[PDB]
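Visitor: Could you work out the structure for the sequence below:
(9 chains, ligands or ions: 6)
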Amino acid sequence: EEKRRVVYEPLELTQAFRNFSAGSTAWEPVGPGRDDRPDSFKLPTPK
Amino acid sequence: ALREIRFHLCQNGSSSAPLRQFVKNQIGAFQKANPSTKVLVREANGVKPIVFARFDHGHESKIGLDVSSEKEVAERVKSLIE
Amino acid sequence: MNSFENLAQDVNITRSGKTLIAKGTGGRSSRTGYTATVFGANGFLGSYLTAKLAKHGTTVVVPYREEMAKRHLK
Amino acid sequence: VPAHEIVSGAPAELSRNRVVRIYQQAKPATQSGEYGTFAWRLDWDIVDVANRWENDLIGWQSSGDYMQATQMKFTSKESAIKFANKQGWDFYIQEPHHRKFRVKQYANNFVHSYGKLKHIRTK
Amino acid sequence: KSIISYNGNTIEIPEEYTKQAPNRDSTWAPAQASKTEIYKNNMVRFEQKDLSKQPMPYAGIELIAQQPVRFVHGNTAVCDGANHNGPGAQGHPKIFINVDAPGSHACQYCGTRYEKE
Amino acid sequence: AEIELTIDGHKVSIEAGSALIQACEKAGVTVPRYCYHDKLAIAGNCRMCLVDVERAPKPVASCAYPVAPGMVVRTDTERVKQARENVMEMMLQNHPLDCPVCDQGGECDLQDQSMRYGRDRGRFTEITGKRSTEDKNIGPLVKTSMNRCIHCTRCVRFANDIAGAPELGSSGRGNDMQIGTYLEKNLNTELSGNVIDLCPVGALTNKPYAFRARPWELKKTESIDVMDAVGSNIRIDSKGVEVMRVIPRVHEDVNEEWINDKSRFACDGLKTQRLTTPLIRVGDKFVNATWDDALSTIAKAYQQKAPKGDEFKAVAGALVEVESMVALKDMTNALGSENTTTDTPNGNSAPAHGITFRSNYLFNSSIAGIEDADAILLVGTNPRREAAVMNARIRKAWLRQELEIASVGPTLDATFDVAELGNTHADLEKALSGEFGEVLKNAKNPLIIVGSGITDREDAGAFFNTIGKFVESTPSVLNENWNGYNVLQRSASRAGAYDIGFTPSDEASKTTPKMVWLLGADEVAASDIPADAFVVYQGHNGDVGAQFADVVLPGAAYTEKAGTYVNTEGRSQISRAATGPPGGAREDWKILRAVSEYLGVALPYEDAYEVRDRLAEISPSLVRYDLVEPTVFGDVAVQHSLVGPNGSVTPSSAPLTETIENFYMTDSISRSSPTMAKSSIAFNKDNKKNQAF
Amino acid sequence: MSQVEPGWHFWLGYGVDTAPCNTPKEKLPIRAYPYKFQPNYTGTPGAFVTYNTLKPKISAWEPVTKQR
Amino acid sequence: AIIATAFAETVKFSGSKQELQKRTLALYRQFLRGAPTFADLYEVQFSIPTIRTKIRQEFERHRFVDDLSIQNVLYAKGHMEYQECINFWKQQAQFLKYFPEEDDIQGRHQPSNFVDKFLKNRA
Amino acid sequence: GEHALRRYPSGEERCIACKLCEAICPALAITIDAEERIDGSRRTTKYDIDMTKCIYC
Ligand SMILES: NC(=O)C1=CN([C@@H]2O[C@H](COP(=O)(O)OP(=O)(O)OC[C@H]3O[C@@H](n4cnc5c(N)ncnc54)[C@H](OP(=O)(O)O)[C@@H]3O)[C@@H](O)[C@H]2O)C=CC1
Ligand code: SF4
Ligand code: SF4
Ligand code: SF4
Ligand code: FES
Ligand SMILES: [Zn+2]
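Guide: Numbering: from 1, shown residues only, chains lettered A, B, ... in the order given. Ligands and ions are numbered 1, 2, ... in the order given. Below, you will see the structure:
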């Protein structure tokens, strides 16, 4: 109101953002998977 | 000094060998020579030999003890005490 | 960061013995701890005074006569 | 070390008066899973005035520190140090602690005692 | 009734609005702010306001304290808080309460008290 | 020597005789487990850790199966997946549907391993329902919900083997097997709270913490405990402005993964009795005041009082950080005073072991040194109260190897056999000239542990003389590979205080101060302050000194600043601020900087980098964090500081007494804690709940 | 519209076929407290005044002097 | 097709610092010449010399940057800002972000020494 | 539509402060505080919804 204009100021939040990613799992969830490569695109094994 | 002396020296460093000898041999002589001063010996790996003295109202002075002999170590010490 | 340009210090004692602790850096979400009443706040000078007070988060009590005339102060 | 500070557009105070910590998460004492302990976290030390205060209307926790919830993840301590230098951030490295290995044998629960038992193992 | 403010002035509040709930005078949790403290700290926003219109829910702790103990033959009572009139799953997760120790034992979810007999 | 085997195709090399789960962990293969734990005896009762071994026909328990050369192990077979599902099915069938009300929820290994390895849905719909269990009262610290217990026996193994508290056990048999004490007995041990961490489920929980938070909403900060001088590494879990709980983190050379009950539960003392605004005495009452008012009042009292030289006395308490002590000393010296004292009895005079070499007041054998011990002499020291986790360390060493332990001083309730040699200095003279002296002469890793409480005696030099002579003789006790001389500090600030030389001059102990500055100093008495003295108290809690003060300044607590602390080992450790200080409180070194500017003597550092510099100026080891380095001056120190100056000291006839009367309340935070007061009444010796017979 | 009592509000929006007065006893809520209906009081002295139901998280020391 | 707008310059990273110096001085000339157009578009209280002074201060800030890539980015962004200002794409509110000093005194207490900063918990 | 907190037929609150609503809330509109009630129950001491943050999902 003093300046009669939209002004920019350093950010201040009435409620700070709460980041809940601290609760991510302590155990590896999925594992390695499986490979779907065709046999014509795998290096051969000797004998 | 009048009130405080601090010896910083390495434990394994070669540049600190004269300082190590000085402490090891003449620390008791120094303590008796200056009975009211408070003397501290502190060691750490990367640090260069140095001595601090604290005279009065917080005034301090320091000199580096990268030297050759114990004699010269005590020379630098006595110079700084003056 | 914002500042409390109006305050000399962070802890304040009123003459009436209330202890006021300023919270935050001084912006819109900060509070000085003071409470003020501004009679005639909807007028020419009062609106500027109310803007300056509310900017740093001192609580402003505005007595008014006509409702529509004070809305901008909010 | 390129001074990317001056091209990012971040506030100057970030590379002037803020300190970051680079570390690995400690193994939690409550769980046996270690899945969160391998990444290198980078996060900001708190600022006293701006960290958190109680809102006088409803009681929410306000903040003036825009970095308070930000945490970067790096695949190595060296990647994290490189990034911090490239942003002009003053940092501290907290070296991780690991469990010292020892040999454990179930049979040790039943070793014959030649003198007085020091304690009764119970199972 | 009369609450002394930080200003040193007096706030008058009718006795009935100082009660934490209509069915209970005092707080039921250490962290819970009392009505007196609420008025002392928020009186500015209560001026020219009608207290009788404000929400005044009944305190559940007295209500659950009014429910009679259920007596059970064995060592274990089972509770689920189910609604036998409606369809679907309307209670709480079904749990089992040990009643071997003397006295009554409360359901963790709904507060219903069971006892061996 | 190391042998070699294969796990999931990978090649792993491990020491012979190690358990298969250890090799799996080394080779980076994850194996689910409940009853196994790295610090407890192997149990093998949960059956979650089954793997296939080609020689074995049926799956084996990984945690209890010794590795052998050429072993081939598969953790990923269809049989192993099936077994994991079967075991989880059996584990969940009587487990209570409690997750919404259970404190373990969100940090629960049962939940997580159900998700990772179990069925997605259960098959158990029996109309007779589940087993239920009585709840059990074992004191005010550990709340029990025993429906949740999965019978892993971690709590029992910890309570028996590690803490030495055999009251805990398992009663009955089969389905009705119950963890407990079989009758109403407290789980009475200073290490008890650790079982809350060890319980994989919500069966044993933190009672003061109950229901207040979920793990996903907590900021986690790695920091340092200051309840004793061990410097246990901790994680502080906070939300917004308040600290919710304190948990151990692993430091194998300090606390290994344990903390004591004070470190765990005195945190609630940080949200009550706090100092939030400056106070000024006016008559018999304090009045709130601005910082400018209070600092000006200190300055005016200094001008009026006009202390010359050592009439400005500075006292440092048990909890203060090194930066604050350094700033206070620098300002005090710039005032012309050498009267920088410690807060302990006879701390007006200098300590009798000296300050010249660090090895004269430290645990020269590292904490880890206790693992190598073959004989230990305890001199005026009850480790179970002074350093609880180190007491556990001694017990572990005693249990696993032959080791002889004797003590001179008060009879101590110990978790290991001790030989009592008497409570007097004459008894010490007899012992070091007798059979235990010979034991020490003959041993490979001896150590003599001297308590910080002997230093506080008037006759302290006598003791330090006796020990010193003995040490200067016996090569096994002090040689170039092993220093067996040890001083065990009890307060987190003492080692750093001696490090910076926060010690009075000889002439300073004569003078009667006109101005006293207490820095977290709450051991002070009425007698220690002159009536005419102007007293400034700087702290975070209102306990004792604040009551004695003329001006009270609110300072930050240890959870609110990034401070340096030196533990008994001489290890310099750095903490991290979890929250900011409450109200109008301030970081303490900044308080001292401001007040020195009000006094004319404005200190030369106003920034954190400059303070760390100044610290490096005072002692280079204060900035070398988490490092322990031996002294090259071990022989010089003993002669120059212990045997040299202490000849004239005459020994008293007074017996050695217990250093700390109550373990549970020792400093301002613990004495501000409702949990510590409750526990002090609950765990008293004269209470039958704490009496096995 | 806020003067319409709950239940009737659902019926008026074709939520339920049967009106509240016609609903059998088994499908009514049991209350252990007295039921009171109150409409929207916004723009009125009876408008809801929100507040923090917690006392502050940090409690200050009550200052007490002692004599030396 | 999709054609460029008024005062658009295709992005070209100069291979040499001298060839960038030419472009940079040309951009400075463009800013100085547009100053009166700026004062008309954005209805500013202050004078044309104040605008030109501000422009000089902006260009001064990067007077000692050495790495060619960083100078290239600083130039390309400075040209973006010129295009934004000269086309009236900015409103007054964002344009006046550049002139914080032109606003009046924010209050009686802007601390400079340690004690004043410490009394406001900003030490 | 507008949110409400329900009771059991006895009059006891149903909410036991598990905080699952607070965790799932896509708008972070819920703020919860809890501790042990003087009768031992797990119950909320604070349950707030910012209706101007809520997305009514
Ligand atoms: N502007 C000038 O040059 C000068 C002004 N002053 C004084 O400054 C003060 C405010 O200045 P200014 O902003 O310009 O004046 P305004 O007329 O703009 O505002 C005056 C305020 O006083 C209120 N007011 C007037 N009469 C009454 C009344 N019976 N009851 C309640 N409120 C009333 C008005 O409320 P409402 O809107 O409801 O009518 C209004 O809010 C005045 O006291 C004025 O005498 C003196 C020196 C210079
Ligand atoms: S112990 Fe784990 S699985 Fe069991 S109720 Fe608690 S959170 Fe749920
Ligand atoms: S109480 Fe916990 S630690 Fe003890 S046996 Fe049961 S599940 Fe294991
Ligand atoms: S906290 Fe939320 S999800 Fe949990 S019981 Fe209460 S209302 Fe339901
Ligand atoms: S961890 Fe191996 S059987 Fe329990
Ligand atoms: Zn129920």
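
Visitor: For stretch F:91-98, buried residues please.
Guide: F:91, F:92, F:94, F:95, F:96, F:97, F:98 (16 or more other Cβ atoms under 10 Å in any protein chain shown). C-betas here are computed from N, CA, C, even on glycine.

Visitor: quick one: which helix or strand includes the fifth one?
Guide: Residue F:96 belongs to no helix or strand when assigned by DSSP states H and E.

Visitor: That one is in contact with residue F:130, isn't it?
Guide: Yes: using Cβ atoms under 8 Å, residue F:96 is in contact with residue F:130, at 6.9 Å.

Visitor: Please enumerate the shared neighbours of those two.
Guide: residue E:96 (Cβ atoms under 8 Å, 6 or more residues apart in numbering or on different chains).

Visitor: What parts of chain I come near ligand 4?
Guide: I:15, I:16, I:17, I:18, I:19, I:20, I:21, I:32 (Cβ under 6 Å from any ligand atom).

Visitor: And those, which is closest to chain E?
Guide: residue I:16 (6.1 Å; Cβ to the nearest Cβ).

Visitor: Compute the number of surrounding residues for that closest one.
Guide: 19 (other Cβ atoms under 10 Å in any protein chain shown).

Visitor: what sits against it?
Guide: Per Cβ under 8 Å, 6+ apart, neighbours of residue I:16: E:108, E:109, F:100, F:101, I:41, I:42, I:43.

Visitor: what would these look like in TSV with secondary structure?
Guide: TSV is the format used below for the contacts of residue I:16 (DSSP: H, G, I helix; E, B strand; the rest coil):
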residue	secondary structure
E:108	coil
E:109	coil
F:100	coil
F:101	coil
I:41	coil
I:42	strand
I:43	strand
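
Visitor: so where do the strands sit in chain C?
Guide: Ranges of strands within chain C are C:11-13, C:19-21, C:35-37, C:59-61, based on DSSP state E.

Visitor: Kindly report the same for chain A.
Guide: So, for chain A - with DSSP E - there are no strands.

Visitor: how far away is the closest residue to residue F:401 other than its chain neighbours from residue H:77?
Guide: The shortest distance from residue F:401 to any non-neighbouring residue, by Cβ to Cβ, 6 or more residues apart in numbering or on different chains, is to residue F:374 (7.6 Å). In this view, residue F:374 and residue H:77 are 71 Å apart by Cβ to Cβ, to the nearest Å.

Visitor: higher neighbour count, these two?
Guide: The neighbour count for residue F:374 versus residue H:77, taken as other Cβ under 10 Å, is higher for residue F:374 (18 against 12).

Visitor: what sits against that one?
Guide: F:401, F:402, F:403, F:404, F:443, F:444, F:445, F:446.

Visitor: immediately after the helix or strand hosting residue B:19, which helix or strand?
Guide: Per DSSP H and E: residue B:19 is located in helix B:17-33. Of the helices and strands lying after helix B:17-33 in sequence (DSSP H and E), the nearest is strand B:38-43.

Visitor: That following strand vs helix B:17-33, what angle?
Guide: 160 degrees (axes from the mean of the first three to the mean of the last three Cα atoms, to 10 degrees).

Visitor: near chain F at all, strand B:38-43?
Guide: Yes: using Cβ under 8 Å from any Cβ of the partner chain, we find that strand B:38-43 touches chain F at B:38, B:39, B:40, B:41, B:42, B:43.

Visitor: Surely the third one touches residue B:9?
Guide: It stands for residue B:40. No: the pair residue B:40 / residue B:9 is not scored as a contact, 11.4 Å apart, by Cβ under 8 Å.

Visitor: before we move on, back to that, looking at the residues of chain I next to ligand 4, state which has the most neighbours.
Guide: Highest neighbour count within the residues of chain I next to ligand 4, by other Cβ under 10 Å: residue I:17, with 25 neighbours.

Visitor: ok, and it, which helix or strand is that part of?
Guide: Applying DSSP H and E, one finds residue I:17 in no helix or strand.

Visitor: Would you report the backbone torsion angles of the residue lying closest to it once chain neighbours are set aside?
Guide: Ranked by Cβ to Cβ, 6+ apart and with sequence neighbours excluded, the top spatial neighbour of residue I:17 is residue I:34, at 3.6 Å. The phi/psi pair for residue I:34 (degrees, to the nearest 10) reads phi -140, psi 160.

Visitor: and residue I:34, how many neighbours?
Guide: With other Cβ under 10 Å as criterion, residue I:34 counts 23.

Visitor: Could you pull up the residues touching the residue of chain D found nearest chain B?
Guide: Residue nearest to chain B within chain D (Cβ to the nearest Cβ): residue D:95, separated by 15.9 Å. Residues near residue D:95 by Cβ under 8 Å, 6+ apart: residue F:626.

Visitor: tell me the secondary structure for it?
Guide: Quick answer, by three-state DSSP: residue D:95 is coil.

Visitor: can you give me the helices in chain I?
Guide: I:20-24 (DSSP state H).

Visitor: Nearest to chain E within it, name that residue for me.
Guide: Distances between chain I and chain E by Cβ to the nearest Cβ are smallest at residue I:11, namely 2.9 Å.

Visitor: got the phi/psi numbers for that residue?
Guide: Per degrees, to the nearest 10, the backbone of residue I:11 is at phi 100, psi -10.

Visitor: packing partners for the lengthiest helix in chain D?
Guide: Scanning chain D for the longest helix, with DSSP H as the assignment, gives helix D:77-86. Packing partners of helix D:77-86 (3 or more Cβ pairs under 8 Å, 6 or more residues apart in numbering or on different chains; DSSP states H and E): strand D:19-24, strand D:40-44, strand D:71-74, strand D:90-93.

Visitor: Can you pull out the residues in contact with that helix?
Guide: Against helix D:77-86 from outside (Cβ under 8 Å, 6+ apart): D:1, D:2, D:3, D:4, D:20, D:22, D:40, D:42, D:72, D:74, D:91, D:93.

Visitor: In this structure residue F:471 contacts residue F:642, no?
Guide: Yes: taking Cβ under 8 Å as the definition, residue F:471 is a contact partner of residue F:642 at 7.5 Å.

Visitor: Next, count neighbours for the residue nearest to residue F:524 when sequence neighbours are not counted.
Guide: Setting aside the residues directly before and after it, residue F:524 is nearest to residue F:545 in space (Cβ to Cβ, 6+ apart), at 5.5 Å. As a burial measure, residue F:545 scores 28 neighbours (other Cβ under 10 Å).

Visitor: rewinding a little: Serialize the strands of chain C to CSV and add fields for mean neighbour count.
Guide: Below are the strands of chain C laid out as CSV (neighbours: other Cβ atoms under 10 Å in any protein chain shown):
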stretch, mean neighbour count
strand C:11-13, 21
strand C:19-21, 20
strand C:35-37, 14
strand C:59-61, 16
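
Visitor: To residue G:65, which of the ones you listed lies closest?
Guide: Of all the strands of chain C, it is strand C:19-21 that lies closest to residue G:65, at 18.0 Å by Cβ to Cβ.

Visitor: Name the nearest residue to the residue in chain C positioned nearest to chain H, sequence neighbours excluded.
Guide: Across chain C, no residue is closer to chain H than residue C:5, which sits at 2.3 Å (Cβ to the nearest Cβ). Leaving aside its chain neighbours, residue C:5 sits nearest to residue H:107 (2.3 Å; criterion: Cβ to Cβ, 6+ apart).
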